[PDB]
Amino acid sequence: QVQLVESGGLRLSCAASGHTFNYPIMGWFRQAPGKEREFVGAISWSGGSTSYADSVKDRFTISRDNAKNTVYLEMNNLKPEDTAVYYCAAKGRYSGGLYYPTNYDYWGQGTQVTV
Amino acid sequence: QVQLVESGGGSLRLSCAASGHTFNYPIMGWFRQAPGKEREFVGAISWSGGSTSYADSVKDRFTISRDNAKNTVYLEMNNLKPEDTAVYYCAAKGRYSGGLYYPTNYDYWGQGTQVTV
Amino acid sequence: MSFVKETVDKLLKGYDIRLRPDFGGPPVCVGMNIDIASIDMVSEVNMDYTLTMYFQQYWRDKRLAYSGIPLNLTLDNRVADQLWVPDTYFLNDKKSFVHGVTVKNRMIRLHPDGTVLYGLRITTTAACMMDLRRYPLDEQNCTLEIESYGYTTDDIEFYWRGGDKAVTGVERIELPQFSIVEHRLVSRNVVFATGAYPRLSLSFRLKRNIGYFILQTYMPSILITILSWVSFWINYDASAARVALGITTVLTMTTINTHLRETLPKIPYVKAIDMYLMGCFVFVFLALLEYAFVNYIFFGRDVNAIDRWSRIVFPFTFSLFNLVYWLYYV
Amino acid sequence: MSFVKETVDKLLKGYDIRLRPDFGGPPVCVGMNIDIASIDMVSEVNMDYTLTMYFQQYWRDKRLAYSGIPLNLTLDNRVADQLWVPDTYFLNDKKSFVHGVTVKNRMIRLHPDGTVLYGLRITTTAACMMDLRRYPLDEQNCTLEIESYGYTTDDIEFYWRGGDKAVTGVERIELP
Amino acid sequence: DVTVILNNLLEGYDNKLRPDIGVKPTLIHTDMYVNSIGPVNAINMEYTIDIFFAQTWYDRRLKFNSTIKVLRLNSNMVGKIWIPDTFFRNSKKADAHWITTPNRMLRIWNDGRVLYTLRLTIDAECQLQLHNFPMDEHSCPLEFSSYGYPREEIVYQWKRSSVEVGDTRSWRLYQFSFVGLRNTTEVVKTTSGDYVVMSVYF
Ligand SMILES: *[C@@H]1O[C@H](CO)[C@@H](O[C@@H]2O[C@H](CO)[C@@H](O[C@@H]3O[C@H](CO[C@H]4O[C@H](CO[C@H]5O[C@H](CO)[C@@H](O)[C@H](O)[C@@H]5O)[C@@H](O)[C@H](O[C@H]5O[C@H](CO)[C@@H](O)[C@H](O)[C@@H]5O)[C@@H]4O)[C@@H](O)[C@H](O[C@H]4O[C@H](CO)[C@@H](O)[C@H](O)[C@@H]4O)[C@@H]3O)[C@H](O)[C@H]2NC(C)=O)[C@H](O)[C@H]1NC(C)=O
Ligand SMILES: *[C@@H]1O[C@H](CO)[C@@H](O[C@@H]2O[C@H](CO)[C@@H](O[C@@H]3O[C@H](CO[C@H]4O[C@H](CO)[C@@H](O)[C@H](O[C@H]5O[C@H](CO)[C@@H](O)[C@H](O)[C@@H]5O)[C@@H]4O)[C@@H](O)[C@H](O[C@H]4O[C@H](CO)[C@@H](O)[C@H](O)[C@@H]4O)[C@@H]3O)[C@H](O)[C@H]2NC(C)=O)[C@H](O)[C@H]1NC(C)=O
Ligand SMILES: *[C@@H]1O[C@H](CO)[C@@H](O[C@@H]2O[C@H](CO)[C@@H](O[C@@H]3O[C@H](CO[C@H]4O[C@H](CO)[C@@H](O)[C@H](O)[C@@H]4O)[C@@H](O)[C@H](O[C@H]4O[C@H](CO)[C@@H](O)[C@H](O)[C@@H]4O)[C@@H]3O)[C@H](O)[C@H]2NC(C)=O)[C@H](O)[C@H]1NC(C)=O
Ligand SMILES: *[C@@H]1O[C@H](CO)[C@@H](O[C@@H]2O[C@H](CO)[C@@H](O[C@@H]3O[C@H](CO)[C@@H](O)[C@H](O)[C@@H]3O)[C@H](O)[C@H]2NC(C)=O)[C@H](O)[C@H]1NC(C)=O
Ligand SMILES: *[C@@H]1O[C@H](CO)[C@@H](O[C@@H]2O[C@H](CO)[C@@H](O)[C@H](O)[C@H]2NC(C)=O)[C@H](O)[C@H]1NC(C)=O
Ligand SMILES: *[C@@H]1O[C@H](CO)[C@@H](O)[C@H](O)[C@H]1NC(C)=O
Ligand SMILES: CCCCCCCCCC
Ligand SMILES: CCCCCCCCCC
Ligand SMILES: CCCCCCCCCC
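Protein chains in written order, with the authors' numbering: chain O, 1 to 9, 405 to 510; chain F, 1 to 9, 403 to 510; chain D, 9 to 309, 419 to 447; chain B, 9 to 184; chain C, 26 to 227.
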């Protein structure tokens, strides 16, 4: 019961509607053609508490708002390795493991950011 | 200490009045001693007035009540038998004395009234 | 299965717990990881926080190496007493435990190269100093200090396994009143004249949420002070009305201050809320004293000058006091 | 110096912990002594009071009798698990324990005639029913009842060693 | 080598008997490092204190001649060795720490010197004379002695310069201000005998 809609493409915004409290931590994954989804960055429910992948640190930023629009992502340094569709996902409170897509229940859709 | 005084003695109502440190000796027990026989435990009553305990022989015949507003215990008798002729005693017991049926555990006794039927 | 059992028997045979790995050799390096489930509570009165977590210690030992069994062995929890474990303690701990239902939350995992991993689910009530001088506008910095008890740096060397990735679950923490701003890991050696002992430290900065305080504690005082200012616009000869207004505002301020026992009365220190309440109390007291002056001067021995300047100076002075207070405390 | 070791080994050898002194003989007579360290709190809400004490028991045991060592032996407290002790207990206690820092706050002492002194440091929460009708002008009587659990007067007897001077510290106690 | 020394030293050595049981009193040198004095809970007349408490004594039975002279023992052997019966008289509910591992260290030298160190978090009683409240000062004690051994059997002594205190700013004292400390030693008379009571007042 978490409808997620991601928009944008650079600034992206992932709006969540439903029982968002039950799925506190929300994050981003990216899938290039002929590749598996890889973690990009996660943010907790309350305030500023985020984690980022080392491969894309200091070039992707994630922030949160206490609203239906919910989380925003900011992109810098476009590269040919950023030609991936970006999904927004939410995770259960006790579903351990941020980097693993299988721990996430409800996904958004893919937004192609090809250079 | 506590000073106990029994009075009274077929609707018969005996009354045991207590004075002094009655709180330190909450439980009050009625005993009877017929001629020749030793003291026997007739009944026992608590401080709050509930949880009365009677002996097997006279479980339903007698009824014991209490009212701490005047520090007196009433022992009513409905139907009396000719084996009941005896000297009725009242006694007080401590909060951690022991069993109810044994007169030794009771500390302060009364002079005891006499009943004959 | 059978050969696995004899392999384990040979590994444990002739292995003395009393002897650390490389007793005469260089120091043993212990890599420490934490996966914190949550910070259960944070109490200012007892000056402490409760942390539950999965402490993992990783170390190499040649004595416990095997071969011919490539799969990774996860032995039962009862082997902890059989095997040597590093002596590690939390310096600022007041009372901690290892969960024990349905079985003890303790795992030992060996590797073919003799390496050992030990994991424990611990709930520690660690103690951290708090500067409740700026309360409720404060920002605490609590710490957990991990240290070796008997061994020096010459025998055991603590380090964070994975650098900055050793600690995880900061996102998983969810405190109702606090909000985490930053976490830090620092490894060092406390230097003593006798020797040097290793130490690790995991620190959290916890800002406090001020919306609740601004709604409950601060706003009624401001409204009561503004109500106390109403006396200056009432007719100067309305003695009963003005006196009742002033003294009832004072009574309401006192009532608020006394039943504010929710805001840290049990441990007494001068915080910032106390200064604000004292200022509001002084303002309402001066408001009543103003009508005292008005009555004596003008009734006994065309608005009166005292009320005229009071209407302009009381709001201005309160605004200046608020500005100074907020700037100083923020 | 090894004479003491041989003596204690001989004493503890063939010692049955389940058999009281003079099992078939007259009852064993146990003296008791108390030193009240502090009466911590006296709660009217729960009608109880916490009390810390040094509780000591004295009894004569012929089995633990030695000679040739003119001094009273103070052994390690773990020997209490090997020696026989009375099954004393506080009848009106609600919760109690023996302090265990730095080690168990327990003491065993032997004497050449055979006397055994057994001391413990006990904090106990005892029940005290209160007649608060005349509160705050009331006067309470709070008691501690010490009794043997299994044995009866045919096997064990109690007395206050030193008589009326068997309890100390009461004058030192202070309450709020 | 070290292991054969460990199994050799245990042989004999009845732990029931103190060192020099029949010869002279056992002298124990005590030292204490106060990590911090916790909040003074005046409502229950108590205060929390965290200490590193070390005590050193001499045992001639434990003498061993070998290349190593700084030997260390696992906590389990600490329980097979004799240790003093020191306890805190005014403690309410004191306790050592055990997670991750029991915090007790025992180190033995070749010359029979034994050092035993424990980390303790005591909740010591401190009666408060609140007549002059809020203008009051208090001298909260922390006193300890052997439980069973009288003055003729065990004698305590401060190691050197009383006790060591860390930086006072790190301490958790919010209602009160620290005004120093002092040390004292006396012979308290009890029914069991005469006992050497050491004390530190804050
Ligand atoms: C706080 O409140 C409590 C509330 O209970 C209150 O408690 C009572 O305190 C009084 C004292 O103030 C206690 O009274 C004393 O009890 C003594 C023991 O009595 C029992 O044992 C008697 C026999 O002797 C015993 O001791 C000898 C050795 O000393 C031993 O050889 C014996 O075997 C035995 O163990 C026994 O007689 C007595 O009574 C029973 O038997 C008699 C037989 O005649 C019978 O009449 C009784 O009805 C009962 O069945 C009981 O079993 C007692 O020795 C002592 O006696 C004093 O007076 C006598 C003369 O009257 C003197 O000869 C003697 O030297 C003493 O001066 C006295 O009676 C009472 O027992 C307490 N009650 C309870 C329940 O514990 C506290 O005092 C209050 N205190 C405060 C501070 O507020
Ligand atoms: C209280 O609050 C808690 C907090 O979240 C609520 O928790 C969640 O409850 C829901 C209710 O069912 C759970 O949903 C399900 O998950 C199970 C298990 O899924 C896993 O294992 C399956 C094994 O067969 C596997 O197939 C699953 O694969 C799915 O998920 C992946 C994720 O990426 C996806 O890619 C796949 O395509 C699959 O969708 C998964 O790995 C699952 O079996 C359940 O299935 C039911 O629903 C689906 C969709 O309608 C339907 O198709 C099925 O036939 C079946 O009917 C369901 O999806 C959820 O896992 C719980 N979350 C956590 C964290 O525990 C709780 O519900 C609240 N209860 C109350 C009373 O308030
Ligand atoms: C909450 O509050 C506590 C208490 O203040 C903070 O704890 C301190 O954190 C800081 C860092 O944030 C620590 O400072 C660091 O020490 C590192 C290791 O020091 C080594 O080097 C010294 C000197 O050689 C040795 O003595 C020691 O044994 C270690 O080997 C330094 O590398 C860090 O570096 C910075 O300073 C040095 C100069 O000293 C520069 O060269 C570096 O480039 C860099 O600029 C730093 O100095 C400090 O030690 C911690 N103190 C304690 C008591 O733990 C928490 O950080 C704080 N938490 C939050 C979230 O706010
Ligand atoms: C071993 O223990 C015995 C006691 O079981 C010790 O002897 C006893 O010593 C005490 C004094 O400490 C004696 O008590 C009294 O002493 C006062 C004076 O202080 C005196 O006025 C009293 O009259 C009384 O004597 C006690 O009587 C005595 N023994 C007895 C019979 O109890 C003994 O010293 C201990 N040690 C050794 C080495 O024996
Ligand atoms: C037993 O555990 C070890 C510890 O990691 C496993 O080994 C490594 O395996 C991971 C993933 O399988 C690799 O990414 C690493 O490169 C490996 N080496 C090191 C040094 O970590 C090992 O695979 C496990 N045994 C199994 C699964 O049979
Ligand atoms: C404390 O004890 C030490 C060692 O016994 C002694 O030297 C000192 O004088 C005592 N007093 C103070 C104030 O340190
Ligand atoms: C808040 C103080 C009372 C406000 C008085 C309003 C005066 C209105 C003048 C037109
Ligand atoms: C409480 C003080 C009130 C003073 C009234 C005015 C004094 C005289 C002013 C000239
Ligand atoms: C948001 C904080 C507001 C603080 C009080 C403002 C005072 C206004 C004076 C009229």
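Yeah, the Cβ is synthetic: ideal placement off N, Cα and C, and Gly gets one too.
- Boundaries for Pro432 (chain D): no beta strand (DSSP E) harbours it, while the alpha helix (DSSP H) harbouring it runs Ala422 to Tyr446, taken from the DSSP string.
- In the DSSP assignment, the residues bridged to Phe212 (chain D) are D:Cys150 and D:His191.
- Close to chain C, meaning a Cβ-Cβ distance shorter than 7 Å, is no residue of the segment 191 to 222 of chain D at all.
- Close to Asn417 (chain F), with beta-carbon spacing below 8 Å, are these residues of chain B in chain order: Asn149.
- Between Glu165 (chain D) and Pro29 (chain D), the gap from beta carbon to beta carbon reaches 7 Å or more.
- Put simply, the CB of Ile25 (chain D) is far from chain O, with every gap to its CB atoms at 7 Å or more.
- For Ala479 (chain F), the CB contacts under 7 Å within the same chain, skipping 5 residues up- and downstream, are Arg425, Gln426, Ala427 and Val508 in chain order.
- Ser439 (chain O) is not bridged by DSSP to any residue.
- Counting every other CB atom within 10 Å of its CB across the protein chains shown gives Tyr143 (chain B) a total below 16, marking it as exposed.
- Its chain contains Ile62, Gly63, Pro64, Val65, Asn66, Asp148, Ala149, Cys151 and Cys165 as the residues whose beta carbon lies nearer than 8 Å to that of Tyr72 (chain C), once the 5 sequence neighbours on both sides are disregarded; these appear in chain order.
- Around the C-beta of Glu6 (chain F), 16 or more other C-beta atoms lie within 10 Å, and the residue is accordingly described as buried.
- About 11 Å separates the beta carbons of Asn208 (chain C) and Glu168 (chain C), which is beyond the 8 Å limit, so they are not a contact pair.
- Sequence-distant Cβ neighbours of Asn113 (chain D) in its own chain, meaning closer than 7 Å and more than five residues away, are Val106, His107, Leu128 and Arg129.
- Of the candidates B:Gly22, B:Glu155, B:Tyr57 and B:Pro78, B:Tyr57 places its Cα closest to the Cα of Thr133 (chain B).
- Residues of the segment 35 to 62 of chain C with a C-beta atom less than 9 Å from some C-beta of chain B are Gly37, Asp39, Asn40, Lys41, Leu42, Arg43, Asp45, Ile46, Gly47 and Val48, listed in chain order.
- DSSP places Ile222 (chain D) in the helix class (H, G or I) of the three-state scheme.
- Per the coordinates, the alpha-carbon of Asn85 (chain B) lies some 60 Å from the alpha-carbon of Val447 (chain D).
- The beta carbon of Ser75 (chain D) sits no closer than 7 Å to any beta carbon of chain O.
- Listed in chain order, the non-local C-beta contacts of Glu190 (chain D) below 7 Å within the same chain comprise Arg213, local neighbours out to five positions each way being set aside.
- A check of alpha carbon separations from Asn439 (chain D) across D:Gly158, D:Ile281, D:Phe306 and D:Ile154 identifies D:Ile281 as the nearest.
- For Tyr143 (chain D), the closest Cβ of chain C is not nearer than 7 Å.
- With contacts defined by Cβ atoms closer than 7 Å, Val188 (chain C) and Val225 (chain C) form a contacting pair.
- Under the DSSP definition of a beta bridge, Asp75 (chain C) partners with C:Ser61 and C:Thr146.
- Residues with their Cβ less than 7 Å from any non-hydrogen atom of ligand 4, running along the chain, are B:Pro78, B:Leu79, B:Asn80, B:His119 and B:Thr123.
- With respect to chain C, the C-beta atom of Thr15 (chain B) has no partner C-beta closer than 7 Å.
- If you compare the alpha carbons of B:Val50, B:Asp24, B:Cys37 and B:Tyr62 with that of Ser217 (chain C), the shortest gap goes to B:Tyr62.
- Only residues of its own chain outside the window of five on either side were considered, and among them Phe240 have a CB closer than 6 Å to the CB of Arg428 (chain D), listed in chain order.
- One alpha carbon belongs to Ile234 (chain D), the other to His267 (chain D), and they sit about 21 Å apart.
- Close to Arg117 (chain B), with beta-carbon spacing below 8 Å, are these residues of chain C in chain order: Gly173 and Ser217.
- For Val50 (chain D), the CB stays at least 6 Å from every heavy atom of ligand 3.
- What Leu125 (chain B) touches in chain F, judged by beta-carbon distance under 8 Å, is nothing: the nearest beta carbon there is about 28 Å away.
- For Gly422 (chain O), the enclosing beta strand (DSSP E) begins and ends at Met421 to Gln426.
- Distances from the CB of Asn471 (chain O) to the heavy atoms of ligand 2 are all 6 Å or more.
- For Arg26 (chain D), DSSP records no beta bridge to any residue.
- Note that the C-beta distance between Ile232 (chain D) and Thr257 (chain D) is below 7 Å.
- Under DSSP, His107 (chain B) forms no beta bridge with any residue.
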